[PDB]
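A.B. asks: Quick one, what's the 3D model for this:
(chains A, B, C, D, E, F, G, H and I, ligands or ions: 27)
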Amino acid sequence: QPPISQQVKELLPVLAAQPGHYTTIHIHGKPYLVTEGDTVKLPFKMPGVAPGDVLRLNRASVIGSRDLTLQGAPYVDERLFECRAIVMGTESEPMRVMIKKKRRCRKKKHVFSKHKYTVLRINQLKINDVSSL
Amino acid sequence: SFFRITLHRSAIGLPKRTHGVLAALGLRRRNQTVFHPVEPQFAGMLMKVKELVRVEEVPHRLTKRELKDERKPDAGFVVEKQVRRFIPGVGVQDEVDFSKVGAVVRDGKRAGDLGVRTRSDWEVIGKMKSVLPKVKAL
Amino acid sequence: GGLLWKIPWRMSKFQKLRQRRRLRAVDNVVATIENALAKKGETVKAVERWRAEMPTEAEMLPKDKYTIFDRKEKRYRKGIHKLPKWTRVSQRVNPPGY
Amino acid sequence: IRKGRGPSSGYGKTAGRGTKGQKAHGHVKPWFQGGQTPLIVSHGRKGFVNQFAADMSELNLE
Amino acid sequence: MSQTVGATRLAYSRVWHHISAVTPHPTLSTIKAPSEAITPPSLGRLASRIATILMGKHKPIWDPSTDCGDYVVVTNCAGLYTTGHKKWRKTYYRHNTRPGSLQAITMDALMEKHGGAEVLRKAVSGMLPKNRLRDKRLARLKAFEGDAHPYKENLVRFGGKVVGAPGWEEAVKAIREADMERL
Amino acid sequence: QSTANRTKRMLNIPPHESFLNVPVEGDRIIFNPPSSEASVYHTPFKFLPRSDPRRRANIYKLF
RNA sequence: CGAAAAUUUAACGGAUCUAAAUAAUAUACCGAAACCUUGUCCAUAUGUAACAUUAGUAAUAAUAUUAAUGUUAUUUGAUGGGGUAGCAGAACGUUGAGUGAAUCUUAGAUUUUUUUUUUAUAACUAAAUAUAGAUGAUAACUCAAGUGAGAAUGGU
RNA sequence: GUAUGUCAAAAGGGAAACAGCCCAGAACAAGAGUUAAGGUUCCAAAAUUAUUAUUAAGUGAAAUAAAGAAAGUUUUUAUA
RNA sequence: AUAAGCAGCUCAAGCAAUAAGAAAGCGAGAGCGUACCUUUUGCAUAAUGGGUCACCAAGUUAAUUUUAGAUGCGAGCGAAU
Ligand SMILES: [K+]
Ligand SMILES: [K+]
Ligand SMILES: [K+]
Ligand SMILES: [K+]
Ligand SMILES: [Mg+2]
Ligand SMILES: [Mg+2]
Ligand SMILES: [Mg+2]
Ligand SMILES: [Mg+2]
Ligand SMILES: [Mg+2]
Ligand SMILES: [Mg+2]
Ligand SMILES: [Mg+2]
Ligand SMILES: [Mg+2]
Ligand SMILES: [Mg+2]
Ligand SMILES: [Mg+2]
Ligand SMILES: [Mg+2]
Ligand SMILES: [Mg+2]
Ligand SMILES: [Mg+2]
Ligand SMILES: [Mg+2]
Ligand SMILES: [Mg+2]
Ligand SMILES: [Mg+2]
Ligand SMILES: [Mg+2]
Ligand SMILES: [Mg+2]
Ligand SMILES: [Mg+2]
Ligand SMILES: [Mg+2]
Ligand SMILES: [Mg+2]
Ligand SMILES: [Mg+2]
Ligand SMILES: [Mg+2]
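C.D. replies: Residues are numbered from 1 along each chain as shown, chains lettered A, B, ... in the order given. Ligands and ions are numbered 1, 2, ... in the order given. Pasting the structure now:
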């Protein structure tokens, strides 16, 4: 595996030492800025997940603190951080009706939409110690 | 080699003969990529719609399952722990922890076969009045 | 007339830039097709006609990229943005002298 | 098909007749051709029907 | 949602900015060379910068519905910079709905009655959204003819140095260095 | 606007300038002191016990 | 400059602009219900597996399988998606009828409401009000129509 | 009449407002996603982004008023 | 009670439950949107019709002649004995 930069190996301990940390995870390419304890409501029904499953997020573009920010070129290396979530079931929206209609045409075509959304819970967001790497 | 033809523009206001040229190429909707051999019959087909497509010479043809994999984003997550799940076709599938790795699916016609704790299992646990934690653990 | 078709007589520097890039993009489609065939020792009659009597964007005069020939005009010239579907149609050569 | 029971049925309002004309207001005679003379009046009827011929019941050897 | 969970007090506070219509502005001037030719910000180029402040669009929390604008004190409006012959050839028109009652006045004749501050309020007014916040935002533009104004104590300061003063930048860098002495 | 998506674009605000200088061919850490009021959990160095090794020169002095 | 018209600046959309004008160029960004990505709905296919019903065929005293219909999942990571006149298919609802001498109802049937949930022209959960044992209500399938109204200077 | 297209029966972006023009064909949502026409000082999403000249008339800047006149100005080509 | 909305839709401050728990509703402010039908090449049109609400109100039946699907019999079918 490509070795981590020396400049990243000297400032990561300073980044992990600060009180709070945030990350921008990427689910299917879409970003979500989250913190440990947040509740992400994805705009789609994740297939093949039941309430209680534990996920391991591995695509994080930015892991930063107040003053320090770790930015990977395509993404941050998975070895530096550790993020995990837990599926809290799925939620739904109130049925919204769209009425497609034209002027001087009595026909009103209806479209009924009711989508489901998977709810996550970021239960772990920690920066690893890279002294060995 | 092959021609990588991608429909950049539409033909909503162009003559009907221009629609037959895009149909022979296979371009139905916008930003659709089709692969065709480098031959005069296809080269002359592109000179009629050279204001609507983008041509590129490629060594090999890309399959249908390979043209879509270059726009597929990384999932960004890995299911590391699953819970006890009932699959209608197969049966109950016990919880598995992929971090320590086991999809065992037990099917049957009795509760004991499924691998779950039944009322009988709860009565043998209630009759074990002698079991006790070790003093050091306590 | 009373129906207002508010079409300016001249183009803007933005329309002229995209017209330059649309002419230069059709030059790459004809060069790619002509180079891919040359490797196979083949030629198309339509590709040989184009390269013969049609210029490239770098060989065109500024007045040939933004204007066309209309005989009903004072100076026999008309903005190219007045041509139907001018954005998706090829137009680079005008009568000689005009 | 119940004609005239809303737009979404597909046979509402005009009820398959379109807008106006004889074929919506009233009825066109079946034999009418717009005014052009029919081919039976331009060529005439050919032959006669034999009312005295016998109606045999054909029977074969097979 | 964490990014916006916190104290928003100071993000919605009204800051009292200051600018002089006579001081050369290297950014809002069209003559960028030589150093001696840099002109002040023209009427419309100063008004476009002020309309952005009155809307609060310079903030990262801007919302068109919320009135997160700030105050702007414009001084030295008598020497308002203008190009060409606008001062004597630009006309302002007014109508009261009664035919015949069209009132016209040149920029120089409008600066003799209400000074150059009125010419600036008309420019900034037309650059603001035409809605129910246009009069509140335009009221936070306090334009004066000379250097005197009643807001010399309201102007935002950093370490006792008013912004735009000779040594305000150095006073700001000195306060942020001490801020880094913490976890 | 007509739809919620169109309202999101008209009300857009870009991220900070520092988050736009994305690196290339590797990962890096940049000093990004925000223009905001710090909380009370960022204890000043004067209030830290002598034993606490977290006491250290300013992050600016590490770059 | 030529260049004059009658409500008001009066065809820069406006503010305003000496470029934020004009001409010859270059790059970045924004930009639609277009396209892409992740999900969902509907339509039409192609195979497979499972669940249920109905009707057969075998096995069983020491359950398996066949066919049709309905349904969910899944394979090809299937294809397709504006619409007038008009054509076609599939369903819901209303009134009455058969199964019905059936089923349920003071342990609350029914109550023009409100409320809740479900891909939802419909039904459902609960609440409130009142008090019926059948001249009450009703699932499912089926039969027949005086069967669905913001539009006729319509009628009461 | 002819050729082609749109509207008619086509919503959406641009043309200030717009049946017919320039783009583009709306099954439903999500995204600082990617683009077309068109645009990027403010109203109003995006450049007060770069290079070289011209204009001083607000000419002009998204609907070119003409012939014509003239020590307005710039450049080129001759020429003293 | 500083304002020029076919009264809806998009974003949304705030108010709203004496109390553990529990926010339907109303909504300041910002933006988008010129009713419906009929008839027309084309209507926000200053073209047609309607004061509102409830009810009545329009491809049905008969005979005759056909087609499709399903199904009974089959060189016979149907009817009737
Ligand atoms: K018909
Ligand atoms: K009730
Ligand atoms: K009327
Ligand atoms: K009826
Ligand atoms: Mg007109
Ligand atoms: Mg129809
Ligand atoms: Mg018919
Ligand atoms: Mg009619
Ligand atoms: Mg007719
Ligand atoms: Mg004007
Ligand atoms: Mg689409
Ligand atoms: Mg479509
Ligand atoms: Mg009526
Ligand atoms: Mg009446
Ligand atoms: Mg069409
Ligand atoms: Mg018509
Ligand atoms: Mg349209
Ligand atoms: Mg404009
Ligand atoms: Mg963007
Ligand atoms: Mg802006
Ligand atoms: Mg002008
Ligand atoms: Mg008020
Ligand atoms: Mg309005
Ligand atoms: Mg007419
Ligand atoms: Mg009317
Ligand atoms: Mg009735
Ligand atoms: Mg049929």
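
A.B. asks: if I look at residue A:57, how far off is residue A:15?
C.D. replies: Here residue A:57 is placed at a distance of 18 Å from residue A:15 (C-beta to C-beta, to the nearest Å). Heads up, the C-betas are built off the backbone N, CA and C, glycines and all.

A.B. asks: So these two - more neighbours on which side?
C.D. replies: Of the pair residue A:57 and residue A:15, residue A:57 is the one with more neighbours under other C-beta atoms under 10 Å in any protein chain shown, namely 26 against 21.

A.B. asks: Need the nearest residue in space to the more buried one, chain neighbours excluded.
C.D. replies: Take residue A:57 and drop its neighbours on the chain: the residue closest to it by C-beta to C-beta, 6 or more residues apart in numbering or on different chains is residue A:83, 4.3 Å away.

A.B. asks: swap in residue A:99?
C.D. replies: residue A:108 is the one closest to residue A:99 (C-beta to C-beta, 6+ apart), at 5.2 Å.

A.B. asks: OK, contacts around that neighbour?
C.D. replies: Contact analysis of residue A:108 by C-beta atoms under 8 Å, 6 or more residues apart in numbering or on different chains lists A:99, A:100, A:101, D:7, D:8.

A.B. asks: Please apply the same query to residue E:145.
C.D. replies: By C-beta under 8 Å, 6+ apart, the neighbours of residue E:145 are E:76, E:77, E:78, E:115, E:116, E:117.

A.B. asks: Same question for residue B:99.
C.D. replies: Counting by C-beta under 8 Å, 6+ apart, residue B:99 has contacts B:80, B:81.

A.B. asks: Next up, phi/psi of it, please.
C.D. replies: phi -70, psi -30 (degrees, to the nearest 10).

A.B. asks: by contact count, what packs against the helix or strand that contains residue A:126?
C.D. replies: Using DSSP states H and E, residue A:126 falls within strand A:116-127. On a contact count with 3 or more C-beta pairs under 8 Å, 6 or more residues apart in numbering or on different chains; DSSP states H and E, strand A:116-127 meets helix A:6-17, strand A:81-92.

A.B. asks: Please state the offset of the last one from the chain centre?
C.D. replies: Translated: strand A:81-92. The gap between where strand A:81-92 is centred and where its chain is centred comes out at 9 Å by C-alpha atoms, centre = their mean, to the nearest Å.

A.B. asks: got it, and the first one?
C.D. replies: If you compare the mean C-alpha spot of helix A:6-17 with that of the full chain, they lie 23 Å apart, counting by C-alpha atoms, centre = their mean.

A.B. asks: Against which helices or strands is that helix packed?
C.D. replies: strand A:68-72, strand A:116-127, strand F:27-31, helix F:59-62.

A.B. asks: Any part of stretch A:59-67 near RNA strand G?
C.D. replies: No - on the criterion C-beta under 7 Å from any atom of the strand, stretch A:59-67 is out of touch with RNA strand G, staying 12.4 Å away.

A.B. asks: where exactly do the helices run in chain E?
C.D. replies: E:9-12, E:43-54, E:86-89, E:107-113, E:115-126, E:134-139, E:168-179 (DSSP state H).

A.B. asks: Contacts only, for residue 16.
C.D. replies: Just so you know, I chose chain A. Residue A:16 neighbours (C-beta under 8 Å, 6+ apart): A:126, A:127, A:129.

A.B. asks: Please refer instead to chain D.
C.D. replies: Applying C-beta under 8 Å, 6+ apart, the residues near residue D:16 are residue D:3.

A.B. asks: Recalculate using a threshold of 6 Å.
C.D. replies: Shown in contact with residue D:16 (C-beta atoms under 6 Å, 6 or more residues apart in numbering or on different chains): no residues.

A.B. asks: distance of it from ligand 9?
C.D. replies: The gap separating residue D:16 from ligand 9 is 11 Å, by C-beta to the ion, to the nearest Å.

A.B. asks: Contacts only, for the closest residue in space to residue A:38 that isn't next to it in sequence.
C.D. replies: Leaving aside its sequence neighbours, residue A:38 sits nearest to residue A:122 (C-beta to C-beta, 6+ apart; 4.9 Å). Taking C-beta under 6 Å, 6+ apart as the criterion, residue A:122 is in contact with A:34, A:36, A:38, A:85.
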